[PDB]
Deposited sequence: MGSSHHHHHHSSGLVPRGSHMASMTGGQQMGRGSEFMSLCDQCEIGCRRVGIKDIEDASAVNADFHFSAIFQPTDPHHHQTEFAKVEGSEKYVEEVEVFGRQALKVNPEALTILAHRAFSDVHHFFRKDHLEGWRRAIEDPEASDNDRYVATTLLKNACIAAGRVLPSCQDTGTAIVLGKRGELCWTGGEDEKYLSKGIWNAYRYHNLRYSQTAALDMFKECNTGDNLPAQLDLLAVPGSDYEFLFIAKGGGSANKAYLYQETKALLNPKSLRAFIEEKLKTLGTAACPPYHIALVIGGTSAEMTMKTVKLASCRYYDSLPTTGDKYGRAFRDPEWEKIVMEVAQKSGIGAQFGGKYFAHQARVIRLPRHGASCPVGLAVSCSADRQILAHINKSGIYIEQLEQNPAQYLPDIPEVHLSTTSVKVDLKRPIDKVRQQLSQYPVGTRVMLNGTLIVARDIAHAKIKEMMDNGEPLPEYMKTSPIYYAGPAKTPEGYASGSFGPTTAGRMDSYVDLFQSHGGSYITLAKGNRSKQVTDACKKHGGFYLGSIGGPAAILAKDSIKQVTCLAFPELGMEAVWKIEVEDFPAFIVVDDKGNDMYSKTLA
């Protein structure tokens, strides 16, 4: 006999476990009505603008408790490494600055993502996408965020949209008369660490699955600013469904799923394998970016049904800029998840490197120290990331020289957020180093980029280049964009390619900028043991 079984059966489908605050006066935007014997809700679409604007404002300055608790755990655990505690303390101090509501917690203010669930009898006028986009537009235009979206004019010619649009707007049709939301400000680097694997029944045994988990976690590396919220999804009805599920799992959206399966194929959370993921993450030694125990805050594992011939697997993380906010509109008005507004309640040597010298003198100083040495940089940095590197490679391919500004100073891979009025800099933390790996040997062979400064582990070609050319890769702490801007960056100037927006080449003057020597000029790599 026919029995309908929804794949996802949360015990808390409306997220009653979350605390919400009502937007004052927002009941003027809604009206409960009764039509053809059923209860319905008229929603002024301006409510969607108001809600999206506040969601994408609040989320850049505050965090959830389970995120902040993880940083406290890394500081207080006796088994945490010194580097575990240093990174966690830095990230918590960064959250305190961001809670001042001026600087966003990260320079990568992310892609704006909206999961919306509009009830059958929730009536907005139907222009939901436009009104939500206006609210997102408002948040990024009138606050000190960043325009990160890149439009394709043709296959290869690109320009910044200049407003952080388009958003990802996933609006679902559901029962009832309410409007429920999950807003995500998703960083590009953590988005890049969403992986899809096409596996088989041969994986579905304890030995093979455990070895698989050990192998894939290492490929996450430190490139998305751990401690991670790690999500793993085994199975699914399609690749895109698997990847949607792992995204939502990483946002703890599916925390109230059942923990057992049944003959109808319902999804379930697997706490036993969540513990195994956490054990793998801790035993890996990767740590909170620079070696140790706190590779991961927590883990989510969801098992899904599958076609007999198929076994898609999804792996994804939420990064240090863990940014999601639940919301709903009902007959009483607009409700938005309440985040932690006082992160300070969770708070319980190094080599000085003078950059105001010839670069060869800086290289000589750095050559005296092994990888893992903590350094403090003082002086000028030249800032360049993906598009600038690509344009410079193209210039050299056309016979033009490597520009002088790539040869005078360490290269900081970064793209700043907008500068608050009266501030020297907006949030200005590092870009993932690995995306520039294909340029290092070329630029060094042409006399520049001997010293780079960014975050994340890099490929072997960069280790080989630095040894061949006498170069160095310095790893900044990943994530603390606001405290770096507040305490370290003293002057910012646009140097080249101003049309690239945040991806322009910048010249900045810094003081007390912390980093680790990750790759030296001798073939050594701080990550060679943990990420082998």
Handout entry: Missing C-alpha runs, given along the deposited sequence, first residue counted as 1
Key = 1-63, 412-420
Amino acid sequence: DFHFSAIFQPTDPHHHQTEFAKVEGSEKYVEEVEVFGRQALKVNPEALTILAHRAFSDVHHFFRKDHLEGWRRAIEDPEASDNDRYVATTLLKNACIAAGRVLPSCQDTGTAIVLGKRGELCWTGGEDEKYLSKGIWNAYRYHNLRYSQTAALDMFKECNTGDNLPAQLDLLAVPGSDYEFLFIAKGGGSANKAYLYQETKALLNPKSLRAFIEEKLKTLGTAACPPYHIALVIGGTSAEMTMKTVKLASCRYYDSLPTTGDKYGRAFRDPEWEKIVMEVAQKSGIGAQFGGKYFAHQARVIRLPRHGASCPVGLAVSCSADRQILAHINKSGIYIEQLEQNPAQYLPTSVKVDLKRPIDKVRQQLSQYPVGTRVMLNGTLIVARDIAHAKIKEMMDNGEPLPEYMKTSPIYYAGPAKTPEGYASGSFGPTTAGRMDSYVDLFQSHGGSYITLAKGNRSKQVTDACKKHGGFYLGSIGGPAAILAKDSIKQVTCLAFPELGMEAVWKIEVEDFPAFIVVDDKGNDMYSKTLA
From here on, numbers count along this sequence of modelled residues.
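In this text, the rigid core denotes the largest set of C-alpha atoms whose superposition between the two forms falls within 1.5 Å.
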Problem - Core-aligned Cα RMS comparison in 4 other deposited structures of this protein - stretch that moves more, 394-402 or 279-287 - result: 394-402
Practice task
With everything overlaid on the rigid core, name the stretch, 339-347 or 87-95, whose CA atoms wander farther on average in 4 other deposited structures of this protein.
Solution key: 339-347
Practice task
Look over 219-227 and 418-426 in the entry and identify the one with the greater average Cα temperature factor.
Solution key: 418-426
Handout entry: Per the entry, higher mean C-alpha B factor between 383-391 and 273-281
Key = 273-281
Practice task
Tell me which of 434, 314, 126, 372 tops the list for C-alpha B factor in the record.
Solution key: 372
Practice task
Choose from 120, 77, 240, 154 the residue with the greatest Cα B-factor as stated in the PDB record.
Solution key: 77
Completion exercise
For residue 262, the third of its chain by CA B-factor is the highest
Fill in the blank from the handout: Among the modelled residues of its chain, the C-alpha B-factor of residue 501 falls in the third labelled middle
Exercise for the section: Among all modelled residues of this chain, ranked by Cα B factor, put residue 59 in the bottom, middle or top third, i.e. lowest, middle or highest. Expected result: middle
Practice task
Determine, from the deposited record, the chain-internal third of the Cα B-factor for residue 358: lowest, middle or highest.
Solution key: highest
Completion exercise
Entry-reported C-alpha B-factor of residue 175 relative to its chain, by third, is lowest
